[PDB]
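Protein chains in written order, with the entry's author numbering: chain H, 18 to 361; chain G, 20 to 364. What follows is one structure encoded as structure tokens, with my remarks underneath.
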Amino acid sequence: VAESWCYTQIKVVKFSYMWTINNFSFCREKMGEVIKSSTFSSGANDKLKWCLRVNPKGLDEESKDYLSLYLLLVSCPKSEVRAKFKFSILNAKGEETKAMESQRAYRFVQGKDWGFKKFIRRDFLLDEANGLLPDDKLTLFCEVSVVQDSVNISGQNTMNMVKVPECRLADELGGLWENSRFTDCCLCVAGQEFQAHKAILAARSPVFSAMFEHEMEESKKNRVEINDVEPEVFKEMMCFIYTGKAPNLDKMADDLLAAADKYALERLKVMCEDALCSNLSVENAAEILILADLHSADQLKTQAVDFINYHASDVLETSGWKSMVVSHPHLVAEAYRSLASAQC
Amino acid sequence: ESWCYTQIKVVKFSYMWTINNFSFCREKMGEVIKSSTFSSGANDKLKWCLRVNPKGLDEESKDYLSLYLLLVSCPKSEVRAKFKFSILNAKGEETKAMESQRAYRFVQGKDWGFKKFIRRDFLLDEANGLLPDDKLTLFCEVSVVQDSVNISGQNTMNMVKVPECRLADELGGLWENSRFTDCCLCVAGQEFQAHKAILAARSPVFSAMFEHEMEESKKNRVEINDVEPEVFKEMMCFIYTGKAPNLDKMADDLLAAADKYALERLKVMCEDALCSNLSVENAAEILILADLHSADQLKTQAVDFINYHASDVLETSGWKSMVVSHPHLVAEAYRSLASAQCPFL
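Encoded structure:
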């Protein structure tokens, strides 16, 4: 259509960081006394490593009541990266109030430091009315807008007279679930029949595959007793194994998490954790944490521990956390180790 | 997300010095009184002291009292420290004592402070409340900050992340491991192993012969001649891995195999690969191949190409060969040209 298909797209690598300057009022390192920061990367590969360079009274004798803020790029692969940086003035509630942004995009190379002379006023920082030093602690927010800005597309704008169906590996196999043909044997669980065959589970489930050849299929292929789960969970297990997807996730995650942990289905376990991660709440933390511990869903243990760290003020007095305390010592011990050693 | 932390360790401690009979403490003329050392805060690491000159060591100190602080011991030559002193608020006095407006480096065996504080008679004046029981009580605050270590924090935590999909992963592993060798197919000498359900699902034509209750005998002596073993290996690779990297130079045989097995997607991708294969010299060959394989899309593309390049396509002898061999193609082409070109004589 219209011959060309000009669709030049701008790639924006946006990512933010917040600062925590401890009792900056009497830190008092002036006139070139170097101060650095913790280096950070965008996360998508480790290419940019930055470090802060700030003089409370900016270098040279002209910025007496003013700060010289500078971002220094320690090193990056030679690509002539162009990026934009912005900051602001912070308040008690951790929200930017006075925000100043770079007028243009600066060309970044290794050893090149970019910044604004006279970034912010010293007395305004020290102005008690502005409230920029809550409990004498100064903080700052930095939002990056690194742009690669390198994409070339030529052609094709094909008319595409015919439509090509995608690969039908899933629906062809999954659609055989309800129809239930070519099933060599039967399968009943919890006294309920879900008719299915074993070879496909062998191909699609290593646990059964190893456990298949070990002296069951010779005799007990017709009937295998599975009682860890319920039929409503086993049907979703079978649908996920066949198709690879389980849209019915949230309402029955934890039981299916146990089902996955039985067979070590890693994708299934992590999608259970996804379903549970968004369900984190003050009254739900304890049961989620013991659930993660019991099935060794390590990540969900980590997020639940961090949620307990950030909501110890109220989760402690919930009945759930008292149940966790009285029932399990080691869980409280681990939460304590993670909240004292790591935070503190 | 940084939580940059950037902790600065600052140690504040105090040492309350009180003297009896302060009126008599001007005893050793302009010289100095040596106090008792002390340590506190960080596990008594540092020893500190201070001394007072009630009468001036030098001429300038004769005017005002000089309480000039001394360092006893320190592990490092550089010790950035703040010093502030005042009275211990017997009556109301939290003022009248100066402050150190700048942080000075403290080094082993060295002393630092100031000397111009208050007149001696004014100090001894009880009207200022500076002789409680002929005693002077001091409120010194020493704040020593160690240059920052302790930067970092990171805060690199975005959701929970997901490992890659295992749908295609399990296909490749079972093929390479050569496990569950449930059948052996001998075709063109070469031996090929595979499973039943996957072959039945992907190829309905394979399932059709095996759906008639005779599979145990058919698998052992499966008759496969129409498709060469290399194309069979390519078909297995496409089914399991999901890719056909070498499809460009073997599209035609793979296309015929897809036609035989009714693999619609395989036929479509073979046609797409062959779509970017037309040239001025073999256009007739691609056209007749598409017509033989009932490739409607490729046939229409070849017809459009011929309509575009008739100024040169008809020059080649392939057109005459097609005319002589298959006249009905010429008949329908003439019908299409006449029907399309309604105007003109």
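C-beta: ideal position from N, C-alpha, C; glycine also.
- Of the candidates H:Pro-248, H:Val-168, H:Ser-96, the residue whose Cα lies closest to the Cα of H:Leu-273 is H:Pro-248.
- Taking the C-beta atoms as reference points, H:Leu-157 is found no nearer than 8 angstroms to H:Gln-127.
- For G:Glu-50, there are no neighbours in chain H by C-beta distance under 8 angstroms, as the nearest C-beta there is about 34 angstroms away.
- Closest in alpha carbon position to G:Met-176, among G:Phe-57, G:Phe-141, G:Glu-20, is G:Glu-20.
- Contacts with chain G at 8 angstroms (Cβ-Cβ) include H:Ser-54.
- The Cβ atoms of G:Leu-65 and G:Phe-136 lie no closer than 8 angstroms to each other.
- For H:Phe-57, the neighbours in chain G by C-beta distance under 7 angstroms run, in chain order, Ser-21.
- Under the rule that a run must span 3 or more residues, the beta strand (DSSP E) segments found entirely inside the region 70 to 142 of chain G read 85 to 92, 99 to 103.
- The DSSP-derived three-state label of H:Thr-335 is coil.
- G:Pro-151 has a beta carbon lying at 8 angstroms or more from every beta carbon in chain H.
- Shown in chain order are the members of the region 186 to 205 of chain G whose Cβ falls below 9 angstroms from a Cβ of chain H: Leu-186, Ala-187, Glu-189, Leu-190, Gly-192, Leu-193, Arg-198, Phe-199, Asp-201.
- Exposure of H:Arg-124 is indicated by the presence of fewer than 16 other C-beta atoms within 10 angstroms of its C-beta.
- Under a 10 Å Cβ-count criterion, H:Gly-75 is classified as buried, with 16 or more other Cβ atoms of the shown protein chains found around its own Cβ.
- The three-state reading of DSSP puts G:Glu-195 in helix, counting H, G and I together.
- Judged by DSSP secondary structure, H:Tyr-280 falls within the alpha helix (DSSP H) whose first and last residues are 270 to 280.
- Excluding five sequence positions before and after H:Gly-49, the CB atoms of its chain that fall closer than 8 angstroms to its own CB belong to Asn-72, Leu-76, given in chain order.
- Taking the beta carbon of G:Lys-101 as reference, the chain H residues within 9 angstroms of it are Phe-43, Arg-45, listed in sequence order.
- Rounded to the nearest whole angstrom, the CA to CA distance from G:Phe-257 to H:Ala-357 is 54 angstroms.
- When CB distances to chain G are screened at a threshold of 9 angstroms, the residues of the region 316 to 341 of chain H falling below it are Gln-316, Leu-317, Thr-319, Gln-320, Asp-323, in chain order.
- Two segments are said to touch when three or more pairs of C-beta atoms, one from each, lie closer than 8 angstroms; by this definition the region 184 to 203 of chain H touches the region 209 to 221 of chain G.
- Counting only Cβ-Cβ distances below 8 angstroms, G:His-214 has contacts in chain H at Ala-216, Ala-220, in chain order.
- A straight-line Cα-Cα distance of about 26 angstroms links G:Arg-99 and H:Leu-149.
- Taking the Cα of H:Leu-84 as reference, the smallest distance to any Cα among H:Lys-47, H:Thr-335, H:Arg-139, H:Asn-62 is reached at H:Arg-139.
- Between H:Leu-186 and H:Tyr-259, the CB-CB gap reaches or exceeds 8 angstroms.
- The beta carbons of H:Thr-25 and H:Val-179 sit about 29 angstroms from each other, so the pair does not count as a contact at 8 angstroms.
- Judged by beta-carbon spacing, H:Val-164 lies beyond the 8 angstroms limit of H:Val-250, meaning their Cβ atoms are not closer than that value.
- Straight through space, the alpha carbons of G:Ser-336 and G:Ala-303 are spaced by roughly 9 angstroms.
- Listed by position along chain H, the residues whose Cβ is nearer than 7 angstroms to that of G:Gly-208 form an empty set, because the closest Cβ is around 28 angstroms away.
- Residue pairing by DSSP places G:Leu-155 opposite G:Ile-38 in a beta bridge.
- Between H:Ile-305 and H:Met-341 a beta carbon distance of about 10 angstroms is seen, past the 8 angstroms cut, so the two are scored as non-contacting.
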